[PDB]
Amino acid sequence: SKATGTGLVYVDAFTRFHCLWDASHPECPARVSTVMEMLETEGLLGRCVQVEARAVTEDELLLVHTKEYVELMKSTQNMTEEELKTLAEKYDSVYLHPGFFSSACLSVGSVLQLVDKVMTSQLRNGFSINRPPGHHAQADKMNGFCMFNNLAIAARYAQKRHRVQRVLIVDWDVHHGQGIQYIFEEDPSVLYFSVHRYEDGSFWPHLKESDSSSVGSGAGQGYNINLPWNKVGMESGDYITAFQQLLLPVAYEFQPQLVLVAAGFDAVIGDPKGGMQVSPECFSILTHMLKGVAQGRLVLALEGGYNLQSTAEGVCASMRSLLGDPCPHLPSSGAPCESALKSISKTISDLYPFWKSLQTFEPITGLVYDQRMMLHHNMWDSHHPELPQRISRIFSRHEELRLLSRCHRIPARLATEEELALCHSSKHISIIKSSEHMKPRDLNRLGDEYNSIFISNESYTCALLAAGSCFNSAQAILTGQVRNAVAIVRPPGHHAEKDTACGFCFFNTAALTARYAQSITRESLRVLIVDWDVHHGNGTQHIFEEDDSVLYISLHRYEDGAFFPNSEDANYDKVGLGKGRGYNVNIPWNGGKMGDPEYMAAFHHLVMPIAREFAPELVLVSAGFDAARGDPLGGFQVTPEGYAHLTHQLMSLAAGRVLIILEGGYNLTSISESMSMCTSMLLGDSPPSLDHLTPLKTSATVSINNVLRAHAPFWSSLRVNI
């Protein structure tokens, strides 16, 4: 959706209650004022839209809590310290203050205010900097510093006031939000996900129902997901793997209309309560991942987090993601630990019968375009699909959708022969160069020496412009002129080999760009090449086959070698050679038409876990749009919204340094709409609606499992297969 702005709720009332009988109490006013001070210091506060708090009404509290409980809580405001202590002692880990009720009402109300702004598209997203927390509060009792269940009320409120059918509650606070679990235990309309320290019940709240076996009951069976950690010192790699392999597949199947986050920061490094080692930066990635599930409709509310600085950094990292700032560099490993893999696998097995998605297992944007690249043409067949108008139609669509004016225009330039020699033989360079002065008879003769190649006197210059345009784009990204970019270029490149032209490709644009990126930074710069063109990029695979500095990932229609380029080199068992073993990932599709379900599943279980463990410094996309719905050559059904979601996933890698390079794509409308959607994502627009992602075709399930088996010894994040 086209909503903009990040809401922030903060009122002085959030500091007007504290523990009267213990000055060392961790749940203190400084928690929220430290967060507010850092947001201001980091320049984040001034970038947010200030949203006023409001007091929750009795009717809204009654959506979750009993009348008797609400009346008892109301009466605490007139109590003495002695009366407050006597009542607090009746609950587990709770204090009371005469200002507690008033602040708790404004704490619930602040979330309802953000829910209103987000559900009416006044804002895209928001964060409530509230205290007291809420996720432990139950229908009739206080618990773990909570009086009212903020998010449980907000979810039921969203359903009643804004006609939301499905709400997803994600709880990344180090403790299990048993309050939320109990309230929605039998409710299929509210999916509750909690990741928490458990240690076989030895960690507070010491509940057997905090285990992965508690999947909900009655109509709500399968709608309660617990991810218990049974070892301390969990890191960002563990949280990110859990979101990739478990939460995202389920969330996409659930299709919520709203995402609510119980945003606790007690899992962050330095928290005295948590015992975990999660970097604050991890929360930027987690927040980014949640933007894709409800078309950006995302509300975060502060839960726990007791190290003042750690909590403030966690809030700042999440806020940066909500505002659309590029994802940060992750300071730790992209690989999960064995204990985390064990917990993720157990949760997957416990929720497996309820979710088809789990049943698979056995910033500035640059734009480059030059109309001169239209000069390359087929003089013998004017209807040949690799049309000059492919690039002009894509460019026109960017102008119609007003994307062009939002981009920084990067000039096209010719690649030099020295730059072509980064990937190609001097013999191949000279043969293509010679075509510039050839008569039509000689151009026909030369084209026939290759597999699927047409040449004109303008072909060599167009191929130099396609390569040079991508080098200028990679240079703009790596020198900080832009964060990411799109290259509307032709002829394509991924079929071109070191010593030969092939399948409409003269020079390997993506391969040359990866080597060029390395020549302007360092030889070992980690480059990820994601090739989503419907055909296997045979040339790219071969160029980097023995290389561990360039990870090549291709998704392609294979059909047991019956589809172009018709070689067994495209099969899943081709994992690379020598030090490059594990750095060549082929995802071959067999048995007809694939679409968004299969592509999203391949990204959740293969592309994203491998890419995150590789930790690229630059992401290149060999973006052919010939797997698109309507393509005359591909026969596939990837929709423009499908491509937008794939682009969105890749943006959390390489601190957002993503270059989208045009490859194939032959339906002019399909490629114009698909590539425009990718640019829209790079620009930071909310991911669009994307329904019906299950069931997958049976043969796609076979393909994904074949890949997992081939790459599991190389990549730990794949060992989620028990």
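Just count from 1 along the sequence shown to find any residue number.
Going from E362 to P363, the model skips 10 or more deposited residues, which lack coordinates. Stretches 511-519 and 72-80 differ in mean CA B factor, with 72-80 having the higher one. Set 418-426 against 603-611 and average the Cα temperature factors; 418-426 ends up higher. The residue among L650, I553, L300, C407 whose C-alpha carries the highest B-factor in the deposited model is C407. Set against one another, the Cα B-factors of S392, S343, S321, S473 in the record reach their highest point at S392. Among all modelled residues in this chain, the alpha-carbon of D200 has a temperature factor (C-alpha) in the highest third. Among the modelled residues of the chain, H25 sits in the middle third by CA temperature factor in this PDB entry. Sort the chain's modelled residues by C-alpha temperature factor and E617 lands in the lowest third, per the entry.
When the CA B factors of the chain's modelled residues are split into thirds, the value for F148 lands in the middle one. In this PDB entry, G537 carries a Cα temperature factor that places it within the lowest third of its chain's modelled residues.
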